[PDB]
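Starting off, we have a lone chain in the form deposited in one PDB entry, written out as structure tokens.
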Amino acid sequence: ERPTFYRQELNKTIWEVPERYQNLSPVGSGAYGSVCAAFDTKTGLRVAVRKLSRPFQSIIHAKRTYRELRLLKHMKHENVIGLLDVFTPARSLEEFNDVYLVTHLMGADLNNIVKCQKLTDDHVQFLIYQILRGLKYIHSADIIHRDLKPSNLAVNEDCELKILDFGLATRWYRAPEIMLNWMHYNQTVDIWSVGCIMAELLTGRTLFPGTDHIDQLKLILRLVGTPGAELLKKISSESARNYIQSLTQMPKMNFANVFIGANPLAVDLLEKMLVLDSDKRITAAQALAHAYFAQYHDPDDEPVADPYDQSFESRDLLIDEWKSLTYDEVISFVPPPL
């Protein structure tokens, strides 16, 4: 059951794909690889076909390719990007060179939505709900996205949302304890991101649009107050604690003064997401039970994920061993039902 492939050259890139993928139109390149928009004649969907660039040129890249394929193959949730297909033209491991990934082609991200209409409070509830729904699932497999932001959130005409682009304007949504490497971060780094996204959808302004890391950190600390003793004790870097102790202390602001005219339940949830100490931020699963989502919360329709074995991260392997493991993941892929 190996498909028929056809080979063509678009840009300076060669594409060898099964003939089910028609009218390949290049949509750009980068470190993530070349991407073409295409038509999937088997499912009738428009898809993105992503060809990885140099997936096995180093130990580092070969392991990175394996990590990506394992992760994408595990994500099965209606609010998270899923893998429609993965393929190689190679008929054997010894021919194995190229990896292609296929996803549903996403027609608009959250920024494109905001540029075409004014969102209602109900739109915001549903968008944020779906982010938190997806995160509960991601976090339940001990995955941290690390890079939530509006450009990584796809939205369709029915206002249905999907989390895209798992990690490994760029800093504005990032938690302060990883923007400056204060500590080993938990998954509530993503909850901070959701807070920044939510505040921006409500006010129409970026919450913390700092230029450099320091300028940004001061805007954050102006809203949420400077770290107290309990948080300082959790910061590993002696230099970080010394920098923090040099700052003039600042109390937390009253958010109702910052977000005047927003649904008080929305403001209340933001207060629970944008807490400086990550150990006290609301989790995705708790946040779904917040009164703000009462129209959408359904405890029996907020699934968790299967356990995700990441013990490969501590394996020290040869470049061709990472390449062989990736090949197994390619040949063992089962497509989703439809």
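Numbering starts at 1 and runs along the sequence shown.
From this point on, the text means the form solved in complex with a small molecule, which you will not see here.
Heavy atoms within 4.5 Å of the small molecule in the deposited bound form map, among the stretches 251 to 259, 235 to 243, 202 to 210, 89 to 97, onto 235 to 243 alone.
Checked against the small molecule in the deposited bound form, the candidates 279, 309, 298, 306 yield a single residue with a heavy atom inside 4.5 Å, and that residue is 279. Taking non-hydrogen atoms only, residue 265 never approaches the small molecule to within 4.5 angstroms in the deposited bound form. In the deposited bound form, residue 223 stays away from the small molecule, with no heavy atom inside 4.5 Å.
Interface residue remark: residue 172 is not counted as part of the site for the small molecule in the deposited bound form, having no heavy atom within 4.5 Å. Residue contact with the small molecule in the deposited bound form: residue 194 places no heavy atom within 4.5 Å of it.
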